[PDB]
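Participant: Once you've had a glance at the structure underneath, I'll fire off some questions.
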Amino acid sequence: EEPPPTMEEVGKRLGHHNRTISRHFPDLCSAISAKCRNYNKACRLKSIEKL
DNA sequence: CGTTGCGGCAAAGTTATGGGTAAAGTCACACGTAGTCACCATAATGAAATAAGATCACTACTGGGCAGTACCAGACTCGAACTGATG
């Protein structure tokens, strides 16, 4: 979806500290972080072009 | 030789020049000589003015950082429970 959420939003929704997820599932968490960062970078790029 | 003209000699005669002495002239004392523009250069300010300087205001150009976001673990601390020695 839009602004794929970040680590903070996912952790707040799950009610767990970020280290709790981070100590067991690094690959998928890095996948979510990369997706969010890529969406932000793409949106910034379109904003730069349009501006 | 007796007479006549000529020339030397030495007073004598005539001018000239620098002195002295009485005596006819001469002239200032009469309130009065200093006094007054004209002249152009130099100091010397005081004003006129400076030529640059000082600051305001505006216009445009270009460095460039801060509040905030985000992840990936490592490491200490400790609920909660397990398990062994004991009086």
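Participant: A:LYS35: which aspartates and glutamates have alpha carbons under 16 Å from its alpha carbon, excluding same-chain residues fewer than 8 sequence positions away?
Facilitator: A:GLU1, A:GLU2, A:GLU8, A:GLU9, A:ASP27
Participant: Another question, if that's okay. Taking the Cβ of A:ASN38 as the centre, find all other residues whose Cβ is under 15 Å away and add up their charges (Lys, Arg: +1; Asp, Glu: -1).
Facilitator: Around A:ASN38, the charge tally is +3.
Participant: Placing +1 at every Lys and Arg Cβ and -1 at every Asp and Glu Cβ, with all other atoms neutral, what dipole size does chain A have around its Cα centre, in debye to the nearest 20? The partial results should precede the final answer.
Facilitator: Working: 10 positive and 6 negative charges, 28 e Å.
In debye, rounded to 20, chain A gives about 140.
Participant: Let me ask something additional. Once the other residues with Cβ under 15 Å from the Cβ of A:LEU14 are scored (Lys, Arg +1; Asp, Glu -1), what is the net sum? Don't skip to the answer; put the middle values down first.
Facilitator: Values: positive: A:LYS12, A:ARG13, A:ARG19, A:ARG23; negative: A:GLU8, A:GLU9.
So the surrounding residues net to +2.
Participant: Helix A:26-50 sits at what angle to the longest principal axis of chain A, using alpha carbons and giving 0 to 90 degrees rounded to 10?
Facilitator: The angle comes out at about 20 degrees.
Participant: Taking the convex hull of the alpha carbon atoms in chain A, what volume per residue do you get, in Å³?
Facilitator: Working: hull volume 3.8 nm³, N = 51.
Residue-normalised Cα hull volume stands at 75 Å³.
Any read-out appearing in this document is the output of simple, stated calculations on the displayed coordinates, not a laboratory observation. Please note: Cβ atoms are built from the backbone with ideal geometry, for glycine as well, and neighbour counts cover all protein chains shown.
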